[PDB]
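Asks: Fold the stuff below for me.
(2 chains, ligands or ions: 4)
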2 protein chains.
Amino acid sequence: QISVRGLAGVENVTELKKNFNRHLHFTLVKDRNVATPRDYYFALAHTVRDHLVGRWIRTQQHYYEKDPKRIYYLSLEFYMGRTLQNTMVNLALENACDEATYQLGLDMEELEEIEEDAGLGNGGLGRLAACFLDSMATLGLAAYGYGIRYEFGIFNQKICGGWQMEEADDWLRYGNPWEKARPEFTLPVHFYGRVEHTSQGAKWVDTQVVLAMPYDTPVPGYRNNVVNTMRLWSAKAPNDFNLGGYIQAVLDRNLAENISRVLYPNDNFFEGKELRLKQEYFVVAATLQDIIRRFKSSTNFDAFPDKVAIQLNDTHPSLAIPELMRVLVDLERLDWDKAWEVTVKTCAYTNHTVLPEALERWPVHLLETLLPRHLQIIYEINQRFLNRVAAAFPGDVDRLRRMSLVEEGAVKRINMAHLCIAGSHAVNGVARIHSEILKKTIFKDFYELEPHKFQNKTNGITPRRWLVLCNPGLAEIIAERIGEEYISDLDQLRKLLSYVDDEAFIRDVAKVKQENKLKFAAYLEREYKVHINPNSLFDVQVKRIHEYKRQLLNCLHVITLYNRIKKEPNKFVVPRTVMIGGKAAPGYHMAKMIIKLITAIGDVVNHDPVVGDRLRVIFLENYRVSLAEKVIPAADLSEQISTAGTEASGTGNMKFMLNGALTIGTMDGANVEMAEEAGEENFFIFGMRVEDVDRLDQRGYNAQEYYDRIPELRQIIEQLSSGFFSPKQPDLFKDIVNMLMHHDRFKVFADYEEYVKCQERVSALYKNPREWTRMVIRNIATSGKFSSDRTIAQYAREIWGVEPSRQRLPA
Amino acid sequence: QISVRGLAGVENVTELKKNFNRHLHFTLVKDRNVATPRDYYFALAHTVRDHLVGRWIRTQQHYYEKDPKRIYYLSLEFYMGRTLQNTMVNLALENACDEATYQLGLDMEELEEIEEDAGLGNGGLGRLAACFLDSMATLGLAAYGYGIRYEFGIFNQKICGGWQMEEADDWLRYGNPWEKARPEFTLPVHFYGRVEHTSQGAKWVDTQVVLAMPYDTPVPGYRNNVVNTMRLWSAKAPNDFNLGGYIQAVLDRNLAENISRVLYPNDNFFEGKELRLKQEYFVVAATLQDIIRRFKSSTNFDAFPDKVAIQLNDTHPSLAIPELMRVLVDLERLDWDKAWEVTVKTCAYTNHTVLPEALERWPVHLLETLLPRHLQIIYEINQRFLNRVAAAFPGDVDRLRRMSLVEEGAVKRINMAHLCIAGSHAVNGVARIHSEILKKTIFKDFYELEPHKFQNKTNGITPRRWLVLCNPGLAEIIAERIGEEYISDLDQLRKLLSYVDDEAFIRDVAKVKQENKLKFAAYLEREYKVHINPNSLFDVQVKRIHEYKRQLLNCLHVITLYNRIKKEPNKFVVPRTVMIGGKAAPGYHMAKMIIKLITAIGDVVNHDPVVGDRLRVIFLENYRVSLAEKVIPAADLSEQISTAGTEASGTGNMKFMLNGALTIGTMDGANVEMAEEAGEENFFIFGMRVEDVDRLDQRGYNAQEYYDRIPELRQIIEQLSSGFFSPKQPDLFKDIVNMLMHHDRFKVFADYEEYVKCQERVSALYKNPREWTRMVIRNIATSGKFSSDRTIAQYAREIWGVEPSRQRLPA
Ligand SMILES: COc1ccc(/C=N/NC(=S)N[C@@H]2O[C@H](CO)[C@@H](O)[C@H](O)[C@H]2O)cc1
Ligand SMILES: COc1ccc(/C=N/NC(=S)N[C@@H]2O[C@H](CO)[C@@H](O)[C@H](O)[C@H]2O)cc1
Ligand SMILES: COc1ccc(/C=N/NC(=S)N[C@@H]2O[C@H](CO)[C@@H](O)[C@H](O)[C@H]2O)cc1
Ligand SMILES: COc1ccc(/C=N/NC(=S)N[C@@H]2O[C@H](CO)[C@@H](O)[C@H](O)[C@H]2O)cc1
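Replies: Numbers count the residues shown, from 1 in each chain, chains lettered A, B, ... in the order given. Ligands and ions are numbered 1, 2, ... in the order given. Next up is the structure itself:
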């Protein structure tokens, strides 16, 4: 049907049809009389995956023969979403499969909806890993993603009586066609035990063993025939484990296997839970053995950093540093100084937040019991590091305690971020402002000691998933004017600037958005029985629920609009559909209250006859990658409204920009760079800058001052307090009011006035569809910088020391 | 190479080779450079299983169109062993696959050794289920085996310092190519809760739910294109199960899923363990819903018994009786009397033991908590049943308490055997003598009330696995003379009687045995580094370790032989290799002591220079189906030496008879019928008959009497007591001596003299190879009755009311 989806040739269509029928029969053991829609999905998935196999084998064979430097991306999260459409896109098979299935009497889009998301992440950090894997494959890098195969990913969110309920994400229930178990590469991982010091160095003995079994998932590059590997480890008990008493011993195998059972969803507050520590070591120990094995199958560890790069995605896999030291010193018998040099040159660390409560600070007593040898290595690293600090800054005793890897206090803790900086040759933030904040504030001491280590690598998103896949209509009208090359060279979108006055293009851009909005309005009614006005402005805020992200500020605006309508009912206002979605971490009470507030506002607003279809508030249940692919193309206004200095980058922001929504946002994270690329005139910027926040903190933030001077704000607080939004439980939102009034770390009131005024300017522009669309074109045209291909090319050149390549492998 | 293995045609060989290469590539993601032997096994398994699919779909389609009466064989055990060779045999693909793999540069026998046994059973009862499935498919019956998919089957046995150690049988570790998950037929199973009595009858409410997910395994008939199904249930938690606290709730899902985790190995002593009760209900509840669903997809439950037979394999699935009543009365709203009539006509029960400690007697308090509605139904069944007894035998109050389903005492218990008799239209024992013992002793009261219910169905074994597969050399020399028809009509082996004087045949039979012995002697040295004399008499006792099976009596003979050699070292004796193997239930202390005794005897005997190669004692580690397939063809003498009246049938006995070993045995179980078929002159019968045992019990068994009057026996006991077989732990075997002397339920001493004398007659015959072989021929020629095809034809005609068919389905 559409060009960017590839050719539907006679030979390929015929072959796809026959292979589909083969899989239905031999693989699924069904015929057409008894086959369920799920059977049809699986037959298609097997048919498509068959096309990856040869490319996968020859890519890995190529890496073996050429022996390039390998890149190992270590993450506890890979938020992959669905794989079927993405594989078709990268193989240029979409139109062929669409045709093939159509001729078989099936709707391929319906089949695509059957696939479970691989929800092996929480949000931004996990999705970044996934975009990065796509870009590394597209850029021809010899890259491997290494993580954990969680049996249960991020919970499915149900809303019951306006409240979040969590249910297990049993994503493997029906089997996963995208993985290949590799039990031949099973590796032992050690826990507990004790350290013996012999004449021949230290030895870690009397350990408990858990097996790490790898599962390989292909990562196809965009039409370059490259297929990289994501290897995820699963925990398995050894067969003599714990071996009535016999029955119990077999049942107890579960304890070992619990390591890979479930993804921790607490992205708000570091919890020093032993199981989480075990997960972190498990991935690191298995991965490092695999890396070392591959390196030896090329004695001379001097060449190790020439052949190996390890990227630590936050501090979660920070134990790689002392683990690499452990293997090099205890097992390979390298001297300390040489092992350290190798380690530093091998490892690099990416920081993803500045919020203190998210920083990993592991109790020493936990490490002492679980990983006794690693603790000793960490102490030794600390001593040698602090000796360097003392030599560089003689007599600066407070610097010594500030920089120590060991934090003294009630319970002694290890600061894993300090470990990561000490043991890495490169440390990067994820947007220019975030990287500057790292140098100026939280890692200032480290920057002063080793300024060469600190870099910026502004985040990006893959334009394959986040344009071609989710928004084929937009991809097509762009390709009609400028060709297909931009899909792997997103900077080419700049060429669209010469179409900003083009009447045909203006019309096409606006038409594609309208279609997307119609499609999404239909999705809502079908799957959720909720009815919306497709001519309204689609105002969307989707991302995890956090106080810093200020879904609450959005709520205040919504109530402001409702109150203004109720005050002057017969005045014209631009109709809006306000959509808010995202999961709250299960133990984060305030985030759970915020969800309940949003639904409670919806309950009042959506049933007020005077409002009509002029304002609708919808909570988007179970926000996840597959839902983002639907709502993002449909959005007009992207809400990116974190308090300046709190959102390290954001990546949702980039997705909306690429898909033709305008942005209302603070100068925070990557928003700054987005406004810089597009021009401030083409962005709806409001609110305190980082400097204004700092000024307010020095003086002291007094919320009462705002409450006292802003009558519209006072009214909303009175409504919340008195039970206007909770008639039967008048005090339901007392926690929210109290927080806003007395302990708001994120200064919701301070940005309220500017935000509301900025929103008025949004409504003004939307009244003029032609000027709205021209500004949209200026956003899409300047979104090129935010391709993860650019991001990965920078990591490659500036951190890993490898050159990317757009050259095809032979097919 | 050999004819009974089928044709190796050019077209088939070429196609097998290409499909093997296809699977290696697309299914296993390997090429020949990196492929492991396990990869080659899997490629072959996938290649073979492809040939089953069409036949499987059309068999099940055939059953749907013809709607024959369906047979449901309910068992907690299916001891299947390996599937690859068996599938090739039944599809006539063996020679073709051998050729195909040979041309690919692979040894197929080596590939076959890679497959794990499906060890989903303990011994005889589990293996019987497996032989029955093979025969039902071969006889064209619309039969389904229903059981549990244990994650862990019977433990692997390791011998460490002469002691049994158990390790988990993680048989699914590498995946199972012989199953297809069927998550679309997932069913809820209910536990706990309480009963409410409404106006509209009883209701079972507030239950906990566990999901039952089925996995289907094909059961191919012998060259008739029939492929039946074995459906095994796996336990899955529902997604809202139990839904920090979030993490724990996900981890707790294990509790629900533990139901199908492990096979109970305690075949010696009934343990009223709650988990075992849950397993029993789980299989019954899921199976009955599946049966009812299939029946409705044909209101009128009068036709239910015309379309459904349920065979209960022992009492383990006895809850089918009250479960069927529950569904019929509570859910379908049938009146009690009609529901009962349907139930009785549907269910039949097979008893497999008379040992009182093996009988299931569930504590009432367990059923009350776990299955409150079933307890009430059981009480009601009991009341109505006892009302019938009281009417038939007025005033016989002791009969009432003897026959009650409820046993009064310390803890009230339900006698599940009594439940099974009451609720079944047929009750059968498994050999003629066992069935007679049931009528005369343990179920005498029930027989008097309902004599028409009691039947015999003598056990059998499948001649596919137990001749063609394991002993192709023997199958071939038989086929050379009498054709191939005997493989599915084993009575045809009678034709071999006319070859008992045939010099060529005598030579061939003896040659095949010698080859088998050479092959097994080689297997031992390669896999276990143990060295044996292949010219010795192979004296084998393999079966689970139990006091009633009297491995101890065999031990006494072994020591007798050793002592006689030591007394007259320069006298000629027929060399023997005595092999004993079998697993002991983990909590069965005496059985564990017996294993240690056997190894301890081996330790003395095998290293005595005076003995030489004249006597060797070997403990066969990890006896299982795949090992039986190796040792049985190699055996000369089959030890079947249970105390008369204790072995219900035995089936190992039949395997040895079919494979050219002579039998030394008591007149117990099927041994009686074997001797009757072959002629007593062609069997080595010794020892007390059942009547002699009864006579001894009335008088009182005094072991001391034997010790006092038999000097050779006294010497052995003195040796055991003094520490001759345990120098460093002189009292190691004190438990064994004490048991033999003071509390031997199985009268080991009473059969000692006759056994030793009988063994002398065995040695005498073996000195004359020509006469040994002629007697062997007379055994093989009369083994026909013991085909499970005969057994199943009798169940079909006399219990299920269906006619078997040898007619091919079209291919
Ligand atoms: C290119 O992409 C792929 C990925 C996998 C394969 C081959 N895969 N081949 C097997 S046998 N895959 C198995 O499938 C099962 C699902 O039924 C999983 O449960 C199991 O973990 C997986 O190892 C082939 C190509
Ligand atoms: C215990 O379980 C967890 C789970 C998650 C976390 C931390 N999760 N951390 C995230 S999701 N960090 C995000 O990273 C994105 C990519 O750079 C940025 O765009 C974004 O600004 C930043 O907030 C911490 C602990
Ligand atoms: C005739 O005999 C058969 C049996 C099965 C099939 C098809 N089977 N097709 C699938 S996808 N089998 C899966 O394979 C996995 C092993 O990798 C198992 O873990 C899983 O339980 C099983 O459902 C086809 C024919
Ligand atoms: C708790 O776990 C268990 C496991 C097994 C059992 C009982 N297991 N019962 C057996 S294996 N019974 C055997 O049946 C064979 C077939 O008819 C007969 O040939 C044989 O004589 C008889 O002993 C009981 C409880």
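Asks: which other helices and strands contact the host helix or strand of residue A:558?
Replies: According to DSSP states H and E, residue A:558 maps onto helix A:551-567. For helix A:551-567, the packing partners by 3 or more Cβ pairs under 8 Å, 6 or more residues apart in numbering or on different chains; DSSP states H and E come out as strand A:576-581, helix A:589-605, strand A:615-620, helix A:711-722, helix A:752-766. Backbone N, C-alpha and C define where each C-beta goes, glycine included.
Asks: which strands and helices sit next to the first one?
Replies: This means strand A:576-581. Under the contact criterion of 3+ Cβ pairs under 8 Å, 6+ apart, strand A:576-581 touches strand A:537-542, helix A:551-567, strand A:615-620, helix A:625-634.
Asks: outside of stretch A:102-118, which residues touch it?
Replies: Applying Cβ atoms under 8 Å, 6 or more residues apart in numbering or on different chains, the external contacts of stretch A:102-118 come out as A:13, A:17, A:20, A:37-38, A:40-41, A:44-45, A:78-85, A:97-98, A:101, A:153, A:169, A:171, A:173-174, A:176, A:178, A:624-626.
Asks: can you pull the alpha-carbon coordinates of it into CSV?
Replies: Provided in CSV are the C-alpha atoms of stretch A:102-118 (Å, rounded to 0.1, in the frame of the first residue of the first chain):
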residue,chain,number,x,y,z
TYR,A,102,-4.4,-10.5,3.3
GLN,A,103,-4.4,-13.3,0.6
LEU,A,104,-4.7,-15.8,3.5
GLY,A,105,-7.8,-13.9,4.7
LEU,A,106,-6.1,-12.4,7.7
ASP,A,107,-5.6,-8.8,9.0
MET,A,108,-1.9,-8.4,9.9
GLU,A,109,-2.6,-5.5,12.3
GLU,A,110,-4.9,-7.6,14.3
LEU,A,111,-2.2,-10.3,14.5
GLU,A,112,0.3,-7.7,15.6
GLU,A,113,-1.9,-6.8,18.6
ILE,A,114,-1.6,-10.4,19.9
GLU,A,115,2.1,-10.1,20.7
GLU,A,116,3.0,-9.3,24.4
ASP,A,117,5.4,-6.4,25.1
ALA,A,118,8.7,-7.5,26.3
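Asks: so after the top strand by length along chain A, what's the next helix or strand?
Replies: Taking DSSP state E as the criterion, chain A has its longest strand at strand A:208-220. Following strand A:208-220 in sequence order, the next helix or strand is strand A:227-236 (DSSP H and E).
Asks: Name the strands paired with that next one and say parallel or antiparallel.
Replies: Applying DSSP bridges, strand A:227-236 is found paired with strand A:143-148 (parallel), strand A:208-220 (antiparallel).
Asks: out of the helices and strands packed on strand A:576-581, deepest packed?
Replies: strand A:537-542 (a mean of 24; mean count of other Cβ atoms under 10 Å in any protein chain shown).
Asks: Identify the residues contacting the residue of the stretch 701-811 of chain A found nearest ligand 4.
Replies: Here the stretch 701-811 of chain A gets closest to ligand 4 at one residue, residue A:729, 54.3 Å apart by Cβ to the nearest ligand atom. Shown in contact with residue A:729 (Cβ under 8 Å, 6+ apart): residue A:723.
Asks: Can you tell me the SS state at it?
Replies: Of the three states, residue A:729 takes coil under DSSP: H, G, I helix; E, B strand; the rest coil.
Asks: So which of the strands paired with strand A:227-236 is nearest ligand 2?
Replies: If you check each of those against ligand 2 by Cβ to the nearest ligand atom, strand A:143-148 wins as the nearest, at 11.9 Å.
Asks: what does that closest one contact?
Replies: Counting by Cβ under 8 Å, 6+ apart, A:70-78, A:120, A:129, A:132-133, A:136-137, A:219, A:228-234, A:260, A:279, A:282-283, A:287, A:290 sit against strand A:143-148.
Asks: same thing but at 6 Å, please
Replies: Defining contact as Cβ atoms under 6 Å, 6 or more residues apart in numbering or on different chains, one finds that strand A:143-148 is touched by A:71-75, A:78, A:133, A:136, A:228-233, A:260, A:283, A:287.
Asks: check whether it contacts ligand 2.
Replies: No: for strand A:143-148, no contact with ligand 2 is found by Cβ under 6 Å from any ligand atom; the gap never falls below 11.9 Å.
Asks: ok, the closest residue to ligand 3 within the stretch 51-200 of chain A to residue B:182 distance?
Replies: Nearest residue of the stretch 51-200 of chain A to ligand 3 (Cβ to the nearest ligand atom) works out as residue A:175 at 6.0 Å. Plainly put, residue A:175 is 12 Å away from residue B:182 if you go by Cβ to Cβ, to the nearest Å.
Asks: neighbour count winner among those two?
Replies: Per other Cβ atoms under 10 Å in any protein chain shown, whichever of residue A:175 and residue B:182 has more neighbours is residue B:182, with 14 against 10.
Asks: Up against ligand 1, what does the stretch 51-200 of chain A have?
Replies: Within the stretch 51-200 of chain A, the residues that sit near ligand 1 (Cβ under 6 Å from any ligand atom) are A:52, A:53, A:56, A:175, A:176, A:177, A:178, A:179, A:180, A:181.
Asks: Buried among those? Make that a ChimeraX selection.
Replies: For the buried members of those, the matching ChimeraX selection, counting by 16 or more other Cβ atoms under 10 Å in any protein chain shown, is:
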select /A:52,53,56,176,177,178,179,180,181
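Asks: Adding distance to residue A:254 and secondary structure, write the residues of the stretch 51-200 of chain A next to ligand 1 out as TSV.
Replies: Shown next, in TSV, are those (distance: Cβ to Cβ, whole Å; DSSP: H, G, I helix; E, B strand; the rest coil):
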residue	distance to residue A:254	secondary structure
A:52	34	helix
A:53	34	helix
A:56	33	helix
A:175	21	coil
A:176	21	coil
A:177	27	coil
A:178	26	coil
A:179	22	coil
A:180	25	strand
A:181	20	strand
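Asks: Farthest pair within the residues of the stretch 51-200 of chain A next to ligand 1?
Replies: Using Cβ to Cβ, these span at most 19.3 Å, a distance reached by A:56 and A:175.
Asks: how about the helices in the stretch 351-500 of chain A?
Replies: Using DSSP state H, counting those that start in this stretch, the helices found in the stretch 351-500 of chain A span residues A:364-370, A:372-392, A:397-403, A:416-422, A:432-437, A:444-449, A:472-482.
Asks: Check what contacts the longest one and list those residues.
Replies: Just to be clear, that refers to helix A:372-392. A:194-195, A:204, A:322, A:325-326, A:367-368, A:400, A:403, A:405-406, A:414, A:422, A:449.
Asks: Show me what counts as buried in it.
Replies: Of the residues in helix A:372-392, those buried (16+ other Cβ under 10 Å) are A:372, A:373, A:374, A:375, A:376, A:377, A:378, A:381, A:382, A:385, A:386, A:389.
Asks: Residue in chain A with the shortest distance to ligand 4?
Replies: Here the residue of chain A nearest ligand 4 is residue A:247; by Cβ to the nearest ligand atom that distance is 10.2 Å.
Asks: how many neighbours does that residue have?
Replies: Residues within reach of residue A:247, counting by other Cβ under 10 Å, total 22.
Asks: The host helix or strand of it and chain B in contact?
Replies: Counting by DSSP H and E, the element that carries residue A:247 is helix A:245-251. Yes: Helix A:245-251 comes into contact with chain B (Cβ under 6 Å from any Cβ of the partner chain), by way of A:246, A:250, A:251.
Asks: how about the helices in the stretch 651-800 of chain A?
Replies: Using DSSP H, counting those that start in this stretch, the helices of the stretch 651-800 of chain A run over A:652-658, A:671-678, A:690-699, A:703-709, A:711-722, A:734-742, A:752-766, A:769-781, A:788-795.
Asks: Thanks a lot, see you next time.
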